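Protein chains in written order, with the working numbering: chain A, 5 to 116; chain B, 25 to 73; chain C, 5 to 52; chain D, 10 to 204. By construction, the Cβ of each residue, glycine as well, lies at the ideal position given by its N, Cα and C atoms. Below is one structure, written out as structure tokens; comments come after it.
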Amino acid sequence: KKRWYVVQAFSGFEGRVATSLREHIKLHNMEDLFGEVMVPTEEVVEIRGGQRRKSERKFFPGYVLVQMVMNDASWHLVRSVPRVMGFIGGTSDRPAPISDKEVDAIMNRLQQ
Amino acid sequence: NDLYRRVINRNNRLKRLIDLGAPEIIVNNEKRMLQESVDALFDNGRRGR
Amino acid sequence: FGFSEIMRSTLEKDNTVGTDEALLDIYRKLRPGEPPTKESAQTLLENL
Amino acid sequence: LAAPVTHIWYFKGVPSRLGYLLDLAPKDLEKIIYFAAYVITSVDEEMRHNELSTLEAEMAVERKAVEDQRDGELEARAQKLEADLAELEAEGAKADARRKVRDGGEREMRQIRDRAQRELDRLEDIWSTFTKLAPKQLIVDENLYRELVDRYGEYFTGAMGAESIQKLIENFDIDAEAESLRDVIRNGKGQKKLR
DNA sequence: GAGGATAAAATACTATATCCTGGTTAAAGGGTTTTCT
DNA sequence: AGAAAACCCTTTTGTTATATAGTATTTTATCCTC
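Printed below as a string of structure tokens:
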């Protein structure tokens, strides 16, 4: 089961992180392990100088959600990519998976 | 001034994340960052880098 | 290294089996708090 | 602040003055305060005794049910082994195929037995943790706490971070601790008395 | 064989005169906006 | 309408530490006992 996990990344730069993660999973071609990497991004509006204008905010700002089965090879692969500090979890030896209820919540919001 | 700036930034971010709703893990990490910021404010260099 | 008592004594008390366990133990000290694996350990040791 | 924060002076400076008040080693505080492990703030009681008898019965039921399911799985594996034997004896296949299929079957049976043993051991460990759950106990291995809370969501409260230490301090009388320490000073002797 | 108690080592913190003058004090990258062609 | 120069924000491998002397508190390792 591809339980979702969260990997931290440097502030600002996030898209390069996900793209390089995709490229690196291509490199070692462990496609049967990595399923999906997404950086949720809601679109909102603000009035700048008395004019309605758009804006793009990434809730959960600074982290990247990724699918990954818990193999140490996958662990090294994820930790290896540039600009990826580490796994936010219950301990270093094995990260912690976000519960299905939270992923359901983010899916509902991203849909909305 | 810089240390207070860091603390205020992190406090605002955590307040937003709590109000908007988020999984426990992200909130816990943000609280850790707040704890480290305050520790640095009161005594810089006592724990860690 | 058969001409000194110190080397033989160290050989007797090593507690390291084969070669892989040696690399994993080296990994456990060079870089703590990681999942030890032979490939990464060898790569890091060579690169150092 | 949107969440409680601990004052570094009373936590890091040697001797750790929070460590003495709560009777916790400095490493445990280093963990709980930096969100690296859970701590049992308050654990329920004599309600335990009754619910403990009832839950011993319930856990016996659960263990028997899981063992029955695993036994059914082993019976299915035995049926697979019988089918393998039928294939072996039906047509002409010498020692090679016989040994291959028998090794596979015995490996599968041993794996099923190991899984059963590990699950039963996990449940027994859960029972031990429950029957020996007291405050100021660190529950590392997040999955273990998640299992404990999902199964027995009552009978204790567990937290993690500064607010957990705040809760511990709130549920802490200052007179009983002083009485106990004075008793130990009078009688203890040794490093126990020294501490 | 298992548990408790004591040395050992291993880390953590603290301190190490008085006075004066001279040069510097942020960069670098990403994202966004306006003017010129 | 596209390109180039000018705003506004953010944030800062393990480096290199040639230390001593003293004390005080936590591991841990091993020895002694039951």
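Beta-carbon proximity check, residue i vs residue j, cutoff 7 angstroms
| i | j | result |
| --- | --- | --- |
| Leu-31(D) | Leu-177(D) | yes |
| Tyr-9(A) | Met-72(A) | yes |
| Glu-35(A) | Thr-45(A) | no |
| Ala-34(D) | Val-149(D) | no |
| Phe-14(A) | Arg-87(A) | yes |
| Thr-166(D) | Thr-50(D) | yes |
| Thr-23(C) | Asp-76(A) | no |
| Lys-21(D) | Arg-56(B) | no |
| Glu-18(A) | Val-43(A) | yes |
| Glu-91(D) | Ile-121(D) | no |
| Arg-20(A) | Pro-101(A) | no |
| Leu-132(D) | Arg-72(D) | yes |
| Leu-97(D) | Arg-108(D) | no |
| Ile-17(D) | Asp-43(B) | no |
| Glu-117(D) | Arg-79(D) | no |
Test: residue i CB closer than 7 angstroms to a CB of chain C
| i | result |
| --- | --- |
| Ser-96(A) | yes |
| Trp-79(A) | yes |
| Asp-108(A) | no |
CA nearest to the CA of residue i, picked from the options
| i | options | result |
| --- | --- | --- |
| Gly-93(A) | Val-62(B), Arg-70(B), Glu-54(B), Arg-34(B) | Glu-54(B) |
| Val-11(A) | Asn-112(A), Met-111(A), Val-49(A), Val-70(A) | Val-70(A) |
| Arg-57(D) | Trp-136(D), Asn-196(D), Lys-145(D), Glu-179(D) | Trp-136(D) |
| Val-52(D) | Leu-83(D), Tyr-164(D), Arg-204(D) | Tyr-164(D) |
| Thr-140(D) | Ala-12(D), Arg-108(D), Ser-62(D) | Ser-62(D) |
| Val-68(A) | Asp-67(B), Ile-32(B), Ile-50(B), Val-31(B) | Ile-50(B) |
| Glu-40(A) | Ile-29(A), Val-48(A), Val-49(A) | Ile-29(A) |
| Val-158(D) | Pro-24(D), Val-48(D), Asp-105(D), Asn-196(D) | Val-48(D) |
| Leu-64(D) | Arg-191(D), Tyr-161(D), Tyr-29(D), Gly-113(D) | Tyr-161(D) |
| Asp-108(A) | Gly-45(B), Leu-27(B), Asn-25(B) | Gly-45(B) |
| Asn-180(D) | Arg-195(D), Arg-191(D), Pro-144(D), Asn-196(D) | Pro-144(D) |
| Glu-156(D) | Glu-128(D), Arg-111(D), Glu-172(D), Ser-173(D) | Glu-128(D) |
Contact with chain B by residue i, beta-carbon distance below 7 angstroms
| i | result |
| --- | --- |
| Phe-44(D) | yes |
| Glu-18(A) | no |
| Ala-12(D) | yes |
| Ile-51(A) | no |
Neighbour flag for residue i against chain D, beta carbons, 7 angstroms
| i | result |
| --- | --- |
| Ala-100(A) | yes |
| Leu-38(B) | yes |
| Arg-56(B) | yes |
Residue-level contact to chain A via CB, residue i, 7 angstroms cutoff
| i | result |
| --- | --- |
| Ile-49(B) | yes |
| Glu-151(D) | yes |
| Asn-53(B) | yes |
| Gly-37(C) | yes |
Contacts that residue i makes with chain C (C-beta to C-beta distance below 9 angstroms)
| i | result |
| --- | --- |
| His-28(A) | Those do not exist, as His-28(A) stays about 15 angstroms from chain C at its closest Cβ, beyond 9 angstroms. |
Under 8 angstroms by beta carbon: chain A residues contacting residue i
| i | result |
| --- | --- |
| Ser-44(C) | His-80 |
| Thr-41(C) | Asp-76, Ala-77, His-80 |
8 angstroms contact criterion, which residue i and residue j should meet: CB distance rounded
| i | j | result |
| --- | --- | --- |
| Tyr-19(D) | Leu-27(D) | 5 angstroms |
| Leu-58(B) | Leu-27(B) | Actually they do not touch by this definition, with Cβ atoms about 13 angstroms apart. |
Cross-chain neighbours of residue i in chain A, by beta carbon under 9 angstroms
| i | result |
| --- | --- |
| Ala-64(B) | What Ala-64(B) touches in chain A: nothing, since even the nearest Cβ is about 17 angstroms away. |
| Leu-27(B) | Those within 9 angstroms of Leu-27(B) in chain A number zero; the least Cβ separation is about 18 angstroms. |
Under 9 angstroms from the C-beta of residue i: neighbouring residues of chain B
| i | result |
| --- | --- |
| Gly-170(D) | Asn-52, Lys-55, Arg-56, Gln-59 |
Contact list for residue i against chain B, beta-carbon separation under 7 angstroms
| i | result |
| --- | --- |
| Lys-21(D) | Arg-70, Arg-71 |
Chain-ordered chain D contacts of residue i [CB-CB under 8 angstroms]
| i | result |
| --- | --- |
| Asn-35(B) | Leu-10, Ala-11 |
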